[PDB]
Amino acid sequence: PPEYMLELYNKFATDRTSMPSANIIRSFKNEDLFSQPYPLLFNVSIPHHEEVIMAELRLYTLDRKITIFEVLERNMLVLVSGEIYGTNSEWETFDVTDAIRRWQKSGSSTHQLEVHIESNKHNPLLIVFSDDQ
């Protein structure tokens, strides 16, 4: 019961003025919490017939630039990189849709990333919005 998923149920149950962009919403957890700065690991598995509409990576931060790579073995592949604001920032989302779409095309369901910062139940998680056809 992640707070985000619970907060998403309560959002669309009370506010009937809006509905999710996709029918199915999955939230995958990070399983590499035994580390200190930091890498992340996800056990993503999505049916191939579902059309991935959008994917968001949710990170917790305590104005700099944050880059997110996909480890491959170091032939690091950049997925998304932006300049976040430091005005009491808490949760920051980054679009990693395309990374998930080719992860949906077979491949090892286990994936590992790494986040770099430039000069606790907050475990980051990855949310995939997908439609079922």
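Throughout, we count residues from 1 along the sequence that is shown.
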{"item": "Deposited residues lacking coordinates between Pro37 and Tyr38 (none, 1 to 3, 4 to 9, 10 or more)", "value": "4 to 9"}
{"item": "Gap size between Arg74 and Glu73, counted in deposited residues that the entry leaves unmodelled", "value": "4 to 9"}
{"item": "Mean C-alpha temperature factor, higher of 13-21 and 107-115", "value": "107-115"}
{"item": "Stretch exceeding the other in mean C-alpha B-factor - 76-84, 47-55", "value": "76-84"}
{"item": "Identity of residue with top Cα B-factor, from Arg101, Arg26, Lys29, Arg64", "value": "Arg64"}
{"item": "Ranked against its chain, the third holding the CA B-factor of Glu92", "value": "middle"}
